[PDB]
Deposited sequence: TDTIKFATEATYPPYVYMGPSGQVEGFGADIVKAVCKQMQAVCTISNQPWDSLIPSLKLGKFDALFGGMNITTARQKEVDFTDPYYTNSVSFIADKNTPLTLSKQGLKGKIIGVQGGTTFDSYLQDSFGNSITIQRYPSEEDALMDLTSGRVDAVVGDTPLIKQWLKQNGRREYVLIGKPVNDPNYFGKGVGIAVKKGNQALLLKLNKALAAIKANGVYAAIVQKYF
């Protein structure tokens, strides 16, 4: 559709991040679909909480950036077909990037609410490579994270973000881990457009399918994953 404005908050590696240009897996997917569509595009970096309101007001045409498709979000916006698996977010101090793998988290302590699906996911995906500390609640896990007693926390992101905001901690940020274990697959990550924008949605879906078909998608995946 010749001109398309995308927005994200560039704070979620490896999906999106700051290279003063937005970079990352999602940024490359967006550039690739735009090329496929013969569209001219920009990616704007804006506060996470402003994105959906701005999409609804029509300031942007599309949102992306490690955005998990969820039933709740599907009530507010329309998503494309997913272009990668869903992400489990780890919350950690921004001063130290983490590689979210068995080797990258070697010697780290990860806090989690005990007995939850997040706890099971950590056990299955990391096994004995990490130390898991379990808490009665996400708040208790965060009390340890933000006093330096664990390295990262895994839990419900909207609740965690709410806690961090209420308690005036901007120091802690999210890192995305793609879920490769089919037992924990969700709908995936997708590009969001304004609810009812069927024309753009169809164009984006066709473009995503086309980059999958011509090898462009596979090369982008190989770059990051």
Exercise. Numbering the deposited sequence from 1, which residue ranges have no coordinates here?
Worked result: 20-21
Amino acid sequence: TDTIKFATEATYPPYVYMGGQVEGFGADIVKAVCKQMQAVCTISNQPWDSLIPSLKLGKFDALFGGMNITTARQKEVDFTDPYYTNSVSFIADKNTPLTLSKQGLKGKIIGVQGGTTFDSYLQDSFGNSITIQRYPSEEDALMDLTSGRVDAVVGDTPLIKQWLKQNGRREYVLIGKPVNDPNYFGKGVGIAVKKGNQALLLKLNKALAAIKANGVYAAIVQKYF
From here on, numbers count along this sequence of modelled residues.
Exercise. Got a sec? Mean C-alpha B-factor, which is higher, 27-35 or 167-175?
Worked result: 167-175
For this session: Decide which of the stretches 118-126 and 80-88 has the higher mean C-alpha B-factor, going by the entry.
Result: 118-126
For this session: Quick one: which of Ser50, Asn197, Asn45, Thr157 shows the highest Cα temperature factor in the PDB entry?
Result: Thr157
Exercise. From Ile132, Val150, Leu100, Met143, can you pick the one with the highest C-alpha B factor in the entry?
Worked result: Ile132
Seminar exercise, completed: Quick tally, chain-level thirds of C-alpha B-factors: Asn205 sits in the lowest
Exercise. Which third of the chain does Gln222 land in by C-alpha B-factor: lowest, middle or highest?
Worked result: middle
For this session: Classify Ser54 as lowest, middle or highest third according to the C-alpha B-factor given in the PDB entry, relative to its own chain.
Result: middle
For this session: Rank-wise, by C-alpha B-factor, drop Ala213 into the lowest, middle or highest third of its chain.
Result: middle
Problem set entry | Chain-wide C-alpha B factor ranking for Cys41, given as lowest, middle or highest third | middle
